[PDB]
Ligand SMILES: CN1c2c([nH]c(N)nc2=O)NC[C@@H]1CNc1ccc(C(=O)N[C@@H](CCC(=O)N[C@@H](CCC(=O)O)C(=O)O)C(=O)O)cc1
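Consider the single chain below, provided in structure tokens and representing the form deposited without this ligand.
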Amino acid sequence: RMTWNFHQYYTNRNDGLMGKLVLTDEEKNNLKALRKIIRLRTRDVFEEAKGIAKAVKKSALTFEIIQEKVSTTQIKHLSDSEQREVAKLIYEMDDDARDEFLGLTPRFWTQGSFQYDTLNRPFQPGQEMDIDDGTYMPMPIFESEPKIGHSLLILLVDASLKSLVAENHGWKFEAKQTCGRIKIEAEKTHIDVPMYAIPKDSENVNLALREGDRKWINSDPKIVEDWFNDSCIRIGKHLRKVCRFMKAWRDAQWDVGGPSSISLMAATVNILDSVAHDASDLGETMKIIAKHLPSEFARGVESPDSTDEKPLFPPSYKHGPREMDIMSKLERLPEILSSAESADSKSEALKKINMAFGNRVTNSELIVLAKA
């Protein structure tokens, strides 16, 4: 009953997979420095725009003079039509709207894998690590439209990010449906900035959407943060590790694409909550996760936010080529792991398990002969 054991292959912080995935302190500090840069500029742009609104409260300035004031701020890094729109929105505000804007100071909170500590070093060329830093606009509760304006809020956050891109060589701006993004290719890094409306201080946490039908959706990122932290407490310290490993698998199997990180987390928590496993052998634990993921994904992976009816990964009847590919690779994973376990030699064991996680771990002495 001889096997190969991979517990150190997975967990070793020198040169096992944890060692290869976890950011160095310098890398983490660089991301925190990037976050601060964005936060300070967003703060500044809002103070600048408020200064113009303050002037208009004092005196009903002409549109031309408001434009001139806009053009001397960071908003100058938007397009001509975008600057005109900002000036027009400030010109068009009634007294109550203007007073609400003059009271607005954006707040910030990091979400995603930087926040709950599952951010992996990227693997393939082109792949990037990111930090997701949300900007929050405290304002009165609204049903349909806020008393400051979706359009103005997005223009000002865009102005912030674009002003930074203009000042930093090798930085590039990208608009997404749920965020503005600064990409820094040479640093294999981007920062995503989702924007939320919240009350002036979960049902009233509203994510801004860039294009389409709905300008807002109720999506409180703290629901996911709290669910995952609670899950780590409930299941144990290995949950963060196996979530990292499943994301590393995804990065190795797909250059571009694959299932979302949050779908992997949700399915893995469901499996570990409901299936016996042993944290002293994370090789066996990974095999157990891999055996059960196909069924989790085939039925559709539900969001931990119960108010979100949209699945994190759709059920089988809604699959196209991409979802079919994901199912195929999920089905292959337990077979890869099983073959690695019974390989003829340590070097073949390493070669095989690296077909799941990529050729990152090279130290075959992390794999030891065992019985199972």
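Residues that one form lacks are left out of the comparison. We call the rigid core the largest set of C-alpha positions that still match within 1.5 Å between the two forms. Position 1 is the first residue in the sequence shown; the rest follow in order.
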Would you say residue 145 goes unmodelled in a third or more of the other compared entries? yes
Count class of coordinate-free deposited residues lying between the neighbours residue 201 and residue 202: 10 or more
Which of 215 to 223 and 293 to 301 has higher mean CA B factor, as the PDB entry lists it: 215 to 223
For the C-alpha atoms alone, is the average B factor greater in 330 to 338 or in 305 to 313, going by the entry? 305 to 313
Per the entry, which of 273, 145, 284, 192 tops the list for Cα B factor? 145
Top Cα B-factor in this entry, restricted to 236, 134, 259, 149, sits on 149
Temperature factor at the Cα of residue 64, chain-ranked in thirds, falls in the middle
Among the modelled residues of this chain, does the Cα B factor of residue 107 put it in the lowest, middle or highest third? middle
Split the chain's modelled residues into thirds by Cα B-factor; is residue 229 in the lowest, middle or highest one? middle
Taking only the Cα B-factors deposited for this chain, tell me whether residue 15 sits in the lowest, middle or highest third. middle
Looking at the entry's B-factor column for C-alpha atoms only, identify whether residue 368 ranks in the lowest, middle or highest third of its chain. lowest
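What follows is about the form solved in complex with this ligand, which we do not show.
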Superimposing the pocket C-alphas so that this ligand sits as it does in the entry with it bound, and applying the rule of 3 or more atoms within 2.4 angstroms of backbone or C-beta atoms, the verdict is open
Quick one: in the entry with it bound, does every one of 106, 136 and 202 get a heavy atom within 4.5 Å of this ligand? yes
Could you spot which one of 76, 188, 214, 222 gets a heavy atom to within 4.5 Å of this ligand in the entry with it bound? 222
Name the residue from 269, 155, 97, 198 that puts a heavy atom within 4.5 Å of this ligand in the entry with it bound. 198
So, in the entry with it bound, is residue 55 in contact with this ligand at a 4.5 angstroms heavy atom limit? no
Against this ligand in the entry with it bound, would residue 332 count as a contact residue? Criterion: heavy atoms within 4.5 Å. no
Determine whether any heavy atom of residue 65 comes within 4.5 Å of a heavy atom of this ligand in the entry with it bound, and answer yes or no. no
Could you tell me if residue 43 has a non-hydrogen atom within 4.5 Å of this ligand in the entry with it bound? yes
Heavy atom contact within 4.5 Å of this ligand in the entry with it bound, the stretch among 285 to 293, 233 to 241, 271 to 279, 108 to 116: 108 to 116
The mover among 253, 110, 73, 120 between the shown form and the other one, judged by a CA shift of 2 Å or more on the rigid core, is 110
Checking the C-alpha spacing of residue 277 and residue 112, a student should find that in the entry with it bound it changes by 3 angstroms or more, with the atoms farther
Change in CA distance between residue 111 and residue 247 in the entry with it bound, which is 3 Å or more, as closer or farther: farther
When the two are fit on their core, where are the runs of 3+ residues whose C-alphas each shift at least 2 angstroms between the shown form and the other one? 110 to 113
